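Peer 1: The following file, model_9.tsv, comprises TSV, C-alpha atoms and all ligand atoms:
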chain	number	residue	atom	x	y	z
A	31	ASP	CA	-168.67	-76.41	-42.89
A	32	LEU	CA	-167.90	-73.27	-44.91
A	33	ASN	CA	-164.48	-74.32	-46.25
A	34	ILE	CA	-166.58	-76.17	-48.83
A	35	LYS	CA	-168.27	-72.94	-49.88
A	36	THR	CA	-164.98	-71.00	-50.10
A	37	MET	CA	-163.14	-73.89	-51.79
A	38	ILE	CA	-160.91	-73.18	-54.79
A	39	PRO	CA	-161.04	-76.16	-57.17
A	40	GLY	CA	-157.83	-77.81	-58.25
A	41	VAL	CA	-157.17	-77.46	-61.97
A	42	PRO	CA	-156.64	-80.72	-63.89
A	43	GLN	CA	-153.31	-81.27	-65.58
A	44	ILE	CA	-153.52	-80.62	-69.32
A	45	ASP	CA	-151.47	-82.63	-71.83
A	46	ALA	CA	-151.10	-79.56	-74.03
A	47	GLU	CA	-148.34	-76.98	-74.35
A	48	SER	CA	-150.74	-74.00	-74.14
A	49	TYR	CA	-154.35	-73.64	-73.11
A	50	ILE	CA	-156.97	-71.25	-71.80
A	51	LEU	CA	-160.57	-71.58	-70.62
A	52	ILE	CA	-162.73	-68.46	-70.61
A	53	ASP	CA	-166.38	-67.65	-70.07
A	54	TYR	CA	-167.94	-66.21	-73.20
A	55	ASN	CA	-170.31	-63.65	-71.65
A	56	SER	CA	-168.22	-62.52	-68.67
A	57	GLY	CA	-164.76	-62.85	-70.23
A	58	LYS	CA	-163.39	-64.40	-67.01
A	59	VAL	CA	-160.31	-66.61	-67.42
A	60	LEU	CA	-161.06	-69.82	-65.51
A	61	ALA	CA	-157.77	-71.61	-66.21
A	62	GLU	CA	-154.69	-70.93	-68.30
A	63	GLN	CA	-151.21	-72.24	-69.01
A	64	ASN	CA	-148.90	-70.42	-71.42
A	65	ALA	CA	-151.92	-68.56	-72.79
A	66	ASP	CA	-149.76	-65.75	-74.25
A	67	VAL	CA	-146.88	-67.78	-75.68
A	68	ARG	CA	-146.69	-67.10	-79.41
A	69	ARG	CA	-147.29	-70.35	-81.33
A	70	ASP	CA	-148.22	-71.29	-84.84
A	71	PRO	CA	-152.03	-71.37	-85.25
A	72	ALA	CA	-152.20	-73.75	-88.24
A	73	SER	CA	-155.78	-73.85	-89.52
A	74	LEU	CA	-157.05	-71.84	-86.54
A	75	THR	CA	-155.97	-69.04	-88.87
A	76	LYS	CA	-159.19	-69.80	-90.76
A	77	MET	CA	-161.19	-68.55	-87.77
A	78	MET	CA	-160.02	-65.03	-88.65
A	79	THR	CA	-160.61	-65.64	-92.37
A	80	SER	CA	-164.17	-66.63	-91.47
A	81	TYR	CA	-164.47	-63.55	-89.22
A	82	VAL	CA	-163.49	-61.15	-92.02
A	83	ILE	CA	-165.92	-62.92	-94.37
A	84	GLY	CA	-168.73	-62.78	-91.84
A	85	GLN	CA	-168.11	-59.07	-91.31
A	86	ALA	CA	-168.32	-58.53	-95.07
A	87	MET	CA	-171.64	-60.38	-95.37
A	88	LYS	CA	-172.91	-58.55	-92.27
A	89	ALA	CA	-172.13	-55.28	-94.08
A	90	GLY	CA	-174.02	-56.49	-97.17
A	91	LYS	CA	-170.84	-56.53	-99.27
A	92	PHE	CA	-171.97	-59.86	-100.77
A	93	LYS	CA	-174.60	-62.56	-100.25
A	94	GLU	CA	-174.68	-66.27	-99.45
A	95	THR	CA	-176.07	-67.00	-102.93
A	96	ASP	CA	-173.54	-65.00	-104.98
A	97	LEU	CA	-171.49	-67.22	-107.29
A	98	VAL	CA	-167.71	-66.91	-107.10
A	99	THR	CA	-165.76	-67.85	-110.22
A	100	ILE	CA	-162.68	-69.87	-109.28
A	101	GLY	CA	-159.42	-68.29	-110.38
A	102	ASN	CA	-156.10	-69.90	-111.15
A	103	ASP	CA	-154.69	-69.30	-107.67
A	104	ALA	CA	-157.49	-71.26	-105.96
A	105	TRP	CA	-156.97	-74.24	-108.32
A	106	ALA	CA	-156.48	-77.08	-105.84
A	107	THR	CA	-154.33	-79.41	-107.98
A	108	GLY	CA	-152.72	-76.55	-109.91
A	109	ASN	CA	-150.71	-75.26	-106.93
A	110	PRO	CA	-148.34	-77.84	-105.40
A	111	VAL	CA	-148.07	-75.67	-102.27
A	112	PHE	CA	-151.45	-77.25	-101.43
A	113	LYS	CA	-149.97	-80.77	-101.44
A	114	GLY	CA	-150.79	-82.80	-98.35
A	115	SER	CA	-153.16	-80.10	-97.11
A	116	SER	CA	-156.94	-80.23	-96.89
A	117	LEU	CA	-158.79	-78.79	-99.90
A	118	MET	CA	-162.33	-78.70	-101.20
A	119	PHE	CA	-160.90	-79.39	-104.70
A	120	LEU	CA	-161.78	-76.31	-106.73
A	121	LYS	CA	-160.86	-75.90	-110.39
A	122	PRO	CA	-160.72	-72.76	-112.55
A	123	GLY	CA	-164.02	-71.89	-114.21
A	124	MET	CA	-166.40	-73.30	-111.61
A	125	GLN	CA	-168.97	-70.92	-110.14
A	126	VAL	CA	-169.44	-71.91	-106.50
A	127	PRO	CA	-172.00	-70.27	-104.19
A	128	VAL	CA	-170.54	-68.24	-101.34
A	129	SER	CA	-172.37	-70.53	-98.91
A	130	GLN	CA	-170.42	-73.54	-100.18
A	131	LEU	CA	-167.01	-71.84	-100.22
A	132	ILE	CA	-167.29	-70.77	-96.57
A	133	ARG	CA	-168.31	-74.31	-95.70
A	134	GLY	CA	-165.17	-75.52	-97.43
A	135	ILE	CA	-163.30	-73.02	-95.25
A	136	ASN	CA	-165.00	-73.82	-91.95
A	137	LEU	CA	-165.94	-77.52	-92.24
A	138	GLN	CA	-163.31	-79.00	-94.59
A	139	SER	CA	-160.53	-76.48	-93.78
A	140	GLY	CA	-160.12	-76.08	-97.54
A	141	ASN	CA	-157.08	-73.94	-98.28
A	142	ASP	CA	-158.12	-73.44	-101.91
A	143	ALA	CA	-161.48	-72.15	-100.65
A	144	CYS	CA	-159.73	-69.50	-98.57
A	145	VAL	CA	-157.93	-68.23	-101.68
A	146	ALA	CA	-161.21	-68.18	-103.59
A	147	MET	CA	-162.99	-66.13	-100.93
A	148	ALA	CA	-159.99	-63.86	-100.30
A	149	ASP	CA	-159.77	-62.62	-103.90
A	150	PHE	CA	-163.55	-62.38	-104.02
A	151	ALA	CA	-163.87	-60.42	-100.77
A	152	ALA	CA	-160.73	-58.27	-100.96
A	153	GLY	CA	-159.43	-58.44	-104.55
A	154	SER	CA	-156.20	-60.15	-103.53
A	155	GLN	CA	-154.70	-62.37	-100.85
A	156	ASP	CA	-152.43	-59.58	-99.59
A	157	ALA	CA	-155.39	-57.23	-99.25
A	158	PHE	CA	-157.30	-59.94	-97.36
A	159	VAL	CA	-154.41	-60.65	-95.00
A	160	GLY	CA	-154.41	-56.89	-94.44
A	161	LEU	CA	-158.04	-57.05	-93.35
A	162	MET	CA	-157.18	-59.97	-91.05
A	163	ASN	CA	-154.31	-58.21	-89.28
A	164	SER	CA	-156.41	-55.04	-89.07
A	165	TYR	CA	-159.07	-57.00	-87.18
A	166	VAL	CA	-156.26	-58.31	-84.98
A	167	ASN	CA	-155.58	-54.67	-84.09
A	168	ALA	CA	-159.27	-53.80	-83.71
A	169	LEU	CA	-159.74	-56.63	-81.21
A	170	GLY	CA	-156.64	-55.67	-79.22
A	171	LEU	CA	-154.89	-59.03	-79.64
A	172	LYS	CA	-151.24	-58.69	-78.69
A	173	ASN	CA	-149.64	-61.95	-79.86
A	174	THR	CA	-151.25	-62.54	-83.24
A	175	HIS	CA	-150.09	-61.76	-86.76
A	176	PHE	CA	-151.28	-63.37	-89.98
A	177	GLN	CA	-149.46	-63.88	-93.27
A	178	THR	CA	-151.82	-66.30	-95.07
A	179	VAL	CA	-155.55	-66.67	-95.69
A	180	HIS	CA	-155.50	-70.39	-94.81
A	181	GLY	CA	-152.99	-71.00	-92.04
A	182	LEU	CA	-150.46	-72.92	-94.07
A	183	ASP	CA	-147.11	-72.47	-92.37
A	184	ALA	CA	-145.80	-68.93	-92.83
A	185	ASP	CA	-142.56	-67.97	-91.10
A	186	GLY	CA	-143.90	-64.76	-89.59
A	187	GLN	CA	-147.41	-65.80	-88.55
A	188	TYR	CA	-148.29	-66.71	-84.98
A	189	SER	CA	-151.00	-66.56	-82.33
A	190	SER	CA	-151.69	-67.70	-78.78
A	191	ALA	CA	-154.29	-69.65	-76.83
A	192	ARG	CA	-155.77	-66.46	-75.38
A	193	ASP	CA	-155.86	-64.63	-78.72
A	194	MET	CA	-157.47	-67.62	-80.44
A	195	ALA	CA	-160.01	-67.93	-77.61
A	196	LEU	CA	-160.70	-64.22	-78.08
A	197	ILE	CA	-161.08	-64.69	-81.85
A	198	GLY	CA	-163.67	-67.38	-81.15
A	199	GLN	CA	-165.55	-65.13	-78.74
A	200	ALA	CA	-165.56	-62.43	-81.44
A	201	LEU	CA	-166.96	-64.94	-83.96
A	202	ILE	CA	-169.84	-65.99	-81.71
A	203	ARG	CA	-170.63	-62.40	-80.70
A	204	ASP	CA	-170.05	-60.29	-83.83
A	205	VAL	CA	-170.92	-62.60	-86.73
A	206	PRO	CA	-173.34	-65.21	-85.32
A	207	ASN	CA	-174.72	-66.25	-88.72
A	208	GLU	CA	-171.20	-67.22	-89.75
A	209	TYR	CA	-170.56	-68.93	-86.41
A	210	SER	CA	-173.64	-71.13	-86.74
A	211	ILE	CA	-171.85	-73.10	-89.49
A	212	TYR	CA	-169.28	-74.70	-87.19
A	213	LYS	CA	-171.77	-77.16	-85.68
A	214	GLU	CA	-172.29	-78.94	-89.02
A	215	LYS	CA	-170.57	-82.32	-88.90
A	216	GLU	CA	-170.33	-82.97	-92.64
A	217	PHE	CA	-170.00	-81.08	-95.92
A	218	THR	CA	-169.90	-82.41	-99.49
A	219	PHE	CA	-168.46	-80.64	-102.51
A	220	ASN	CA	-167.80	-82.03	-105.99
A	221	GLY	CA	-168.74	-85.55	-104.91
A	222	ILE	CA	-166.29	-85.67	-101.98
A	223	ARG	CA	-167.69	-86.00	-98.45
A	224	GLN	CA	-165.39	-84.66	-95.73
A	225	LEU	CA	-166.00	-84.57	-91.99
A	226	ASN	CA	-165.68	-81.70	-89.58
A	227	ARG	CA	-162.64	-82.94	-87.64
A	228	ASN	CA	-163.95	-81.47	-84.35
A	229	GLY	CA	-164.87	-84.76	-82.69
A	230	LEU	CA	-166.44	-82.97	-79.71
A	231	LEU	CA	-169.40	-82.26	-81.98
A	232	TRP	CA	-170.06	-85.99	-81.61
A	233	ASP	CA	-169.80	-85.95	-77.81
A	234	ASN	CA	-173.24	-86.15	-76.21
A	235	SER	CA	-171.95	-85.32	-72.72
A	236	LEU	CA	-171.36	-81.75	-73.96
A	237	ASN	CA	-173.36	-79.27	-76.02
A	238	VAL	CA	-170.35	-78.38	-78.15
A	239	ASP	CA	-171.38	-76.24	-81.10
A	240	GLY	CA	-167.61	-76.14	-81.61
A	241	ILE	CA	-165.25	-73.93	-83.54
A	242	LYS	CA	-162.08	-74.86	-85.45
A	243	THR	CA	-159.43	-77.58	-85.55
A	244	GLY	CA	-155.87	-77.15	-86.70
A	245	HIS	CA	-152.79	-79.33	-86.94
A	246	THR	CA	-149.33	-79.05	-88.44
A	247	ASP	CA	-146.26	-80.98	-87.40
A	248	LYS	CA	-144.85	-77.72	-86.21
A	249	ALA	CA	-147.96	-76.42	-84.39
A	250	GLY	CA	-149.06	-79.70	-82.84
A	251	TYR	CA	-152.75	-80.39	-82.40
A	252	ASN	CA	-154.74	-77.17	-81.97
A	253	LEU	CA	-158.45	-76.86	-81.20
A	254	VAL	CA	-160.68	-73.95	-80.21
A	255	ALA	CA	-163.86	-75.35	-78.67
A	256	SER	CA	-167.05	-73.78	-77.35
A	257	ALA	CA	-169.97	-75.33	-75.50
A	258	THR	CA	-173.08	-74.26	-73.63
A	259	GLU	CA	-175.00	-75.39	-70.58
A	260	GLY	CA	-178.26	-73.55	-70.29
A	261	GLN	CA	-177.28	-69.97	-71.11
A	262	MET	CA	-173.72	-70.26	-69.80
A	263	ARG	CA	-171.15	-70.55	-72.60
A	264	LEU	CA	-167.49	-71.52	-72.24
A	265	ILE	CA	-164.64	-71.28	-74.76
A	266	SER	CA	-161.48	-73.38	-74.66
A	267	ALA	CA	-158.35	-73.19	-76.80
A	268	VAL	CA	-155.60	-75.78	-76.48
A	269	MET	CA	-152.52	-75.51	-78.69
A	270	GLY	CA	-149.70	-77.97	-79.04
A	271	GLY	CA	-151.86	-80.95	-78.17
A	272	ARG	CA	-150.13	-84.28	-78.63
A	273	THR	CA	-152.65	-86.22	-80.75
A	274	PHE	CA	-156.09	-85.83	-82.29
A	275	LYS	CA	-157.52	-87.93	-79.45
A	276	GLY	CA	-155.37	-85.99	-77.00
A	277	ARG	CA	-156.44	-82.47	-77.90
A	278	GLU	CA	-160.15	-83.30	-77.71
A	279	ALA	CA	-159.83	-85.24	-74.45
A	280	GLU	CA	-157.98	-82.30	-72.89
A	281	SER	CA	-160.42	-79.68	-74.23
A	282	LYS	CA	-163.35	-81.72	-72.91
A	283	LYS	CA	-161.67	-81.91	-69.50
A	284	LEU	CA	-161.49	-78.11	-69.34
A	285	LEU	CA	-165.08	-77.61	-70.50
A	286	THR	CA	-166.66	-80.08	-68.06
A	287	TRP	CA	-164.43	-78.83	-65.23
A	288	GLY	CA	-165.44	-75.24	-65.93
A	289	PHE	CA	-169.13	-76.14	-66.14
A	290	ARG	CA	-169.09	-78.23	-62.93
A	291	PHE	CA	-167.34	-75.70	-60.69
A	292	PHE	CA	-168.35	-72.27	-62.04
A	293	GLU	CA	-171.52	-70.56	-63.25
A	294	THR	CA	-172.26	-67.28	-64.99
A	295	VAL	CA	-174.79	-64.83	-63.57
A	296	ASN	CA	-176.49	-61.74	-65.00
A	297	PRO	CA	-177.08	-59.58	-61.90
A	298	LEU	CA	-177.88	-56.30	-63.69
A	299	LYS	CA	-179.11	-55.38	-67.16
A	300	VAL	CA	-178.81	-52.14	-69.12
A	301	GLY	CA	-181.43	-49.54	-68.27
A	302	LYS	CA	-182.56	-51.18	-65.03
A	303	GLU	CA	-182.05	-48.89	-62.07
A	304	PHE	CA	-179.35	-50.03	-59.65
A	305	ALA	CA	-179.42	-46.90	-57.48
A	306	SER	CA	-180.85	-43.40	-57.23
A	307	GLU	CA	-179.06	-40.21	-56.17
A	308	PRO	CA	-180.13	-36.57	-55.70
A	309	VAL	CA	-179.26	-34.11	-58.47
A	310	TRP	CA	-178.69	-30.36	-58.23
A	311	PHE	CA	-179.44	-27.67	-60.84
A	312	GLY	CA	-181.69	-30.03	-62.82
A	313	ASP	CA	-185.18	-30.49	-64.19
A	314	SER	CA	-185.21	-33.76	-62.20
A	315	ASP	CA	-184.39	-34.04	-58.50
A	316	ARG	CA	-182.86	-37.52	-58.80
A	317	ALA	CA	-180.67	-39.49	-61.19
A	318	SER	CA	-181.42	-43.11	-62.05
A	319	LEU	CA	-178.18	-45.07	-61.99
A	320	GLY	CA	-177.15	-48.35	-63.58
A	321	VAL	CA	-174.97	-49.77	-66.36
A	322	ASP	CA	-174.60	-49.07	-70.07
A	323	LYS	CA	-173.68	-52.74	-70.60
A	324	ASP	CA	-175.25	-55.87	-69.09
A	325	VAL	CA	-173.17	-57.34	-66.27
A	326	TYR	CA	-172.08	-60.97	-66.57
A	327	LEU	CA	-170.13	-62.43	-63.65
A	328	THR	CA	-168.51	-65.86	-63.41
A	329	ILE	CA	-168.72	-67.08	-59.81
A	330	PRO	CA	-168.34	-70.46	-58.05
A	331	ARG	CA	-171.42	-72.52	-58.86
A	332	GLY	CA	-174.30	-72.32	-56.36
A	333	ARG	CA	-172.97	-69.16	-54.70
A	334	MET	CA	-175.32	-66.70	-56.45
A	335	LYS	CA	-177.35	-66.03	-53.30
A	336	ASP	CA	-174.10	-64.99	-51.56
A	337	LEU	CA	-173.34	-62.32	-54.17
A	338	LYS	CA	-173.57	-58.78	-52.76
A	339	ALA	CA	-173.26	-55.47	-54.61
A	340	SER	CA	-172.55	-51.90	-53.52
A	341	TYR	CA	-171.35	-48.67	-55.11
A	342	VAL	CA	-169.24	-45.56	-54.62
A	343	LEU	CA	-169.63	-42.17	-56.30
A	344	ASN	CA	-166.75	-40.26	-57.87
A	345	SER	CA	-167.92	-36.91	-56.45
A	346	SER	CA	-169.70	-35.72	-53.32
A	347	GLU	CA	-172.68	-34.31	-55.25
A	348	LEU	CA	-174.08	-34.68	-58.76
A	349	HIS	CA	-174.72	-31.46	-60.69
A	350	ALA	CA	-176.82	-31.26	-63.84
A	351	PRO	CA	-176.41	-31.40	-66.77
A	352	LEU	CA	-176.01	-35.18	-66.81
A	353	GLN	CA	-176.00	-37.18	-70.05
A	354	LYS	CA	-177.12	-40.69	-70.84
A	355	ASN	CA	-174.35	-43.12	-69.80
A	356	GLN	CA	-172.23	-40.53	-67.97
A	357	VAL	CA	-170.01	-42.43	-65.52
A	358	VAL	CA	-170.51	-41.16	-61.96
A	359	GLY	CA	-169.12	-44.03	-59.90
A	360	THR	CA	-168.32	-47.71	-59.56
A	361	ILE	CA	-170.39	-50.79	-58.72
A	362	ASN	CA	-168.60	-53.32	-56.50
A	363	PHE	CA	-169.67	-56.97	-56.66
A	364	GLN	CA	-168.43	-58.87	-53.61
A	365	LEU	CA	-168.31	-62.53	-52.61
A	366	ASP	CA	-167.42	-63.42	-49.01
A	367	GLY	CA	-166.88	-59.71	-48.34
A	368	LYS	CA	-164.23	-59.34	-51.09
A	369	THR	CA	-164.83	-57.38	-54.29
A	370	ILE	CA	-164.62	-59.84	-57.19
A	371	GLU	CA	-165.44	-57.41	-59.99
A	372	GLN	CA	-166.25	-53.76	-60.62
A	373	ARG	CA	-168.20	-52.09	-63.42
A	374	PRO	CA	-168.93	-48.41	-64.06
A	375	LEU	CA	-171.96	-46.73	-62.50
A	376	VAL	CA	-173.60	-44.61	-65.21
A	377	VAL	CA	-176.61	-42.32	-65.57
A	378	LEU	CA	-179.54	-44.13	-67.18
A	379	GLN	CA	-181.34	-41.01	-68.47
A	380	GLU	CA	-179.92	-37.62	-69.41
A	381	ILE	CA	-180.73	-34.78	-67.03
A	382	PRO	CA	-180.31	-31.25	-68.46
A	383	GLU	CA	-180.19	-28.00	-66.51
A	384	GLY	CA	-183.23	-26.47	-64.83
A	385	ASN	CA	-184.86	-24.12	-67.36
A	386	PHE	CA	-188.18	-23.24	-65.75
A	387	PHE	CA	-189.25	-20.44	-68.06
A	388	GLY	CA	-192.56	-20.04	-69.88
A	389	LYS	CA	-192.63	-22.84	-72.42
A	390	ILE	CA	-193.87	-20.30	-74.90
A	391	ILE	CA	-190.95	-17.91	-74.35
A	392	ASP	CA	-188.71	-20.83	-75.15
A	393	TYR	CA	-190.55	-21.32	-78.43
A	394	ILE	CA	-190.82	-17.64	-79.11
A	395	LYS	CA	-187.08	-17.25	-78.88
A	396	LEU	CA	-186.68	-19.96	-81.45
A	397	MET	CA	-189.43	-18.33	-83.53
B	1	LIG	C1	-154.90	-76.55	-90.71
B	1	LIG	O1	-154.36	-76.63	-89.62
B	1	LIG	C2	-154.58	-77.49	-91.85
B	1	LIG	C3	-155.61	-78.59	-92.16
B	1	LIG	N1	-156.58	-78.58	-91.12
B	1	LIG	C4	-156.70	-79.64	-90.51
B	1	LIG	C5	-157.78	-79.82	-89.59
B	1	LIG	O2	-158.95	-79.36	-89.94
B	1	LIG	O3	-157.60	-80.39	-88.54
B	1	LIG	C6	-155.68	-80.64	-90.83
B	1	LIG	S1	-156.43	-82.23	-90.90
B	1	LIG	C7	-156.45	-83.11	-92.41
B	1	LIG	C8	-157.03	-84.49	-92.18
B	1	LIG	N2	-156.35	-85.40	-93.11
B	1	LIG	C9	-154.99	-84.88	-93.27
B	1	LIG	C10	-154.50	-85.03	-94.66
B	1	LIG	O4	-153.55	-85.74	-94.88
B	1	LIG	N3	-155.07	-84.34	-95.62
B	1	LIG	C11	-154.31	-83.86	-96.75
B	1	LIG	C12	-156.46	-83.98	-95.65
B	1	LIG	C13	-155.05	-83.41	-92.91
B	1	LIG	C14	-155.09	-80.02	-92.06
B	1	LIG	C15	-153.60	-79.98	-91.88
B	1	LIG	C16	-154.49	-76.67	-93.13
B	1	LIG	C17	-153.39	-75.65	-93.12
B	1	LIG	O5	-154.17	-77.59	-94.13
Can the structure in the file be given as structure tokens, please?
Peer 2:
Amino acid sequence: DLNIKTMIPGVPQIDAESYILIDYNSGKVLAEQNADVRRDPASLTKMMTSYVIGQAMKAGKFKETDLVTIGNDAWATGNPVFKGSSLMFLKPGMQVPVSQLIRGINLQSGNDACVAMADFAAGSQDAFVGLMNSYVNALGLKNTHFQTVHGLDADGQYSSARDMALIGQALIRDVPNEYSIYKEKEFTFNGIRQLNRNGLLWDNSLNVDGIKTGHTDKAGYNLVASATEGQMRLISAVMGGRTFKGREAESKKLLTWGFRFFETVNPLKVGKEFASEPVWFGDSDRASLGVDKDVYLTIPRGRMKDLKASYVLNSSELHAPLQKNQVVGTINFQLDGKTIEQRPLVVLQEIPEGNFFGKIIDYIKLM
């Protein structure tokens, strides 16, 4: 009858030590297990490296076509610390376009390429790690600290499924030109073809434009994945997966589960009037009320027509002056009579005080 419509879906068991599934637009956590346990991120570290780089290029600090000259510290076979790790095989003296180095970072997980771009972007690796951890602070991540540009095992570096899912959200949102690289399945440098090890890119059942893989014998098998269905986008991060086949199978389970049982809705957009309230002492009698940021809600799929919204005002009356985006109350979104999310009710257009004097006196005073 209606137990169907109010059904909570069982969450599938996940053969991973830590995971999280979130909606990209709404931020809603659909499923989680040990999402805040600090773990080693392995090459998921390179998501942040890519984020810092994308911010730099966004700010015009360098271009795709600028040629980086490879220094001694990015010499692949000149630094045995790189042994047994993925590399794009850079040698001192080469001039490699920025567009190729970031593809070594994102697609081949090339640790030498991270060193190349770090010195280029920030002058040194320490400076670049400083940018990384500063963006950790700027994004409000609470279980993430970086000590390398590549994600080779550093004793004091860690992250979490939630923080890595939030880093992936930040990538898609803040630096989309950089994020659009992760869907490329193959990249060739210096006559060596290497594959993007995110096998979900190959899965036709999903529209995975994918993020980053990572694996060390201490981290396990890590993968941050993102897919779309229509205009809904989900993000999954599993850490401590058992095998390469295991981490992708589990991630895919979360993404199809999330898509099948939940949907994302956009019930109100910025600048569209949600409500109207009288105003006192103003040049306008009424205030137009809405949101300063588009509302995205994640609800059970099919239940959109059952979504109801209402609002409360912080004060009994509204007195001018009122500014653009001044918060005067709360919008309540309810499903089945229960409030499922709130977002601030704000003034859509500033409303100054009365001032009804001769327009010319006004000018004259200025003049
Ligand atoms: C990041 O976690 C490390 C790097 N990244 C990956 C990955 O993209 O999944 C692994 S996979 C790579 C595939 N073949 C293995 C190998 O023996 N070599 C040397 C290429 C590893 C890899 C560990 C990064 C820190 O190195």
Peer 1: List the neighbours of residue 94 of chain A out to 9 Å using all atoms listed in the file; skip same-chain residues closer than 5 positions along the sequence, and give me the result as a ChimeraX atom specification.
Peer 2: /A:87,127-130
Peer 1: I'd like to know which of A:345, A:210, A:360, A:174 is closest to residue 195 of chain A, using all atoms listed in the file.
Peer 2: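 Checking each of A:345, A:210, A:360, A:174 against residue 195 of chain A, counting all atoms listed in the file, the winner is A:174.
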Peer 1: Calculate how many Å separate atom CA of residue 292 of chain A from atom CA of residue 200 of chain A, rounding to one decimal.
Peer 2: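 Those two atoms sit 21.9 Å apart.
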Peer 1: Please return the centre and edge lengths, in Å to one decimal, of a box with edges along x, y and z that contains all listed atoms of ligand LIG 1 (chain B), widened by 4 Å on every side, as lines of an AutoDock Vina configuration file.
Peer 2:
center_x = -156.2
center_y = -80.7
center_z = -92.6
size_x = 13.6
size_y = 18.1
size_z = 16.2
Peer 1: Please identify all protein, DNA and RNA residues within 9 Å of ligand LIG 1 (chain B), counting only C-alpha atoms and all ligand atoms, and report them as number ranges by chain.
Peer 2: A: 71-76, 112-117, 136-141, 180-183, 224-228, 242-247, 249, 251-253, 274
Peer 1: Go ahead and save the residues from that selection, with C-alpha atoms, as a PDB file, in the coordinates of the input.
Peer 2:
ATOM      1  CA  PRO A  71    -152.030 -71.370 -85.250  1.00  0.00           C
ATOM      2  CA  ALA A  72    -152.200 -73.750 -88.240  1.00  0.00           C
ATOM      3  CA  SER A  73    -155.780 -73.850 -89.520  1.00  0.00           C
ATOM      4  CA  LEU A  74    -157.050 -71.840 -86.540  1.00  0.00           C
ATOM      5  CA  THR A  75    -155.970 -69.040 -88.870  1.00  0.00           C
ATOM      6  CA  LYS A  76    -159.190 -69.800 -90.760  1.00  0.00           C
ATOM      7  CA  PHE A 112    -151.450 -77.250-101.430  1.00  0.00           C
ATOM      8  CA  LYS A 113    -149.970 -80.770-101.440  1.00  0.00           C
ATOM      9  CA  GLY A 114    -150.790 -82.800 -98.350  1.00  0.00           C
ATOM     10  CA  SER A 115    -153.160 -80.100 -97.110  1.00  0.00           C
ATOM     11  CA  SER A 116    -156.940 -80.230 -96.890  1.00  0.00           C
ATOM     12  CA  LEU A 117    -158.790 -78.790 -99.900  1.00  0.00           C
ATOM     13  CA  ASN A 136    -165.000 -73.820 -91.950  1.00  0.00           C
ATOM     14  CA  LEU A 137    -165.940 -77.520 -92.240  1.00  0.00           C
ATOM     15  CA  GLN A 138    -163.310 -79.000 -94.590  1.00  0.00           C
ATOM     16  CA  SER A 139    -160.530 -76.480 -93.780  1.00  0.00           C
ATOM     17  CA  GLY A 140    -160.120 -76.080 -97.540  1.00  0.00           C
ATOM     18  CA  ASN A 141    -157.080 -73.940 -98.280  1.00  0.00           C
ATOM     19  CA  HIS A 180    -155.500 -70.390 -94.810  1.00  0.00           C
ATOM     20  CA  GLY A 181    -152.990 -71.000 -92.040  1.00  0.00           C
ATOM     21  CA  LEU A 182    -150.460 -72.920 -94.070  1.00  0.00           C
ATOM     22  CA  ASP A 183    -147.110 -72.470 -92.370  1.00  0.00           C
ATOM     23  CA  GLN A 224    -165.390 -84.660 -95.730  1.00  0.00           C
ATOM     24  CA  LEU A 225    -166.000 -84.570 -91.990  1.00  0.00           C
ATOM     25  CA  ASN A 226    -165.680 -81.700 -89.580  1.00  0.00           C
ATOM     26  CA  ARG A 227    -162.640 -82.940 -87.640  1.00  0.00           C
ATOM     27  CA  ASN A 228    -163.950 -81.470 -84.350  1.00  0.00           C
ATOM     28  CA  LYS A 242    -162.080 -74.860 -85.450  1.00  0.00           C
ATOM     29  CA  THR A 243    -159.430 -77.580 -85.550  1.00  0.00           C
ATOM     30  CA  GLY A 244    -155.870 -77.150 -86.700  1.00  0.00           C
ATOM     31  CA  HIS A 245    -152.790 -79.330 -86.940  1.00  0.00           C
ATOM     32  CA  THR A 246    -149.330 -79.050 -88.440  1.00  0.00           C
ATOM     33  CA  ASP A 247    -146.260 -80.980 -87.400  1.00  0.00           C
ATOM     34  CA  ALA A 249    -147.960 -76.420 -84.390  1.00  0.00           C
ATOM     35  CA  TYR A 251    -152.750 -80.390 -82.400  1.00  0.00           C
ATOM     36  CA  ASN A 252    -154.740 -77.170 -81.970  1.00  0.00           C
ATOM     37  CA  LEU A 253    -158.450 -76.860 -81.200  1.00  0.00           C
ATOM     38  CA  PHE A 274    -156.090 -85.830 -82.290  1.00  0.00           C
TER      39      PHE A 274
END
Peer 1: Just the number, please: distance in Å from atom CA of residue 67 of chain A to atom CA of residue 159 of chain A, one decimal.
Peer 2: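 About the pair atom CA of residue 67 of chain A and atom CA of residue 159 of chain A: they are 21.9 Å apart.
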Peer 1: Measuring atom to atom with only C-alpha atoms, identify which of A:307, A:313, A:208, A:280 is nearest to residue 42 of chain A.
Peer 2: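 Checking each of A:307, A:313, A:208, A:280 against residue 42 of chain A, counting only C-alpha atoms, the winner is A:280.
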Peer 1: Counting all atoms listed in the file, figure out which residue out of A:312, A:297, A:122, A:186 gets nearest to residue 108 of chain A.
Peer 2: A:122
Peer 1: Using all atoms listed in the file, which residue out of A:265, A:151, A:56, A:273 lies closest to residue 90 of chain A?
Peer 2: A:151
Peer 1: Go through A:349, A:70, A:336, A:55 and flag the residue nearest residue 323 of chain A, using all atoms listed in the file for the distances.
Peer 2: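 Looking only at the distances to residue 323 of chain A, the closest residue turns out to be A:55.
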Peer 1: With distances taken over all atoms listed in the file, which residue among A:41, A:36, A:100, A:298 lies nearest residue 124 of chain A?
Peer 2: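 Among the listed residues, A:100 lies closest to residue 124 of chain A.
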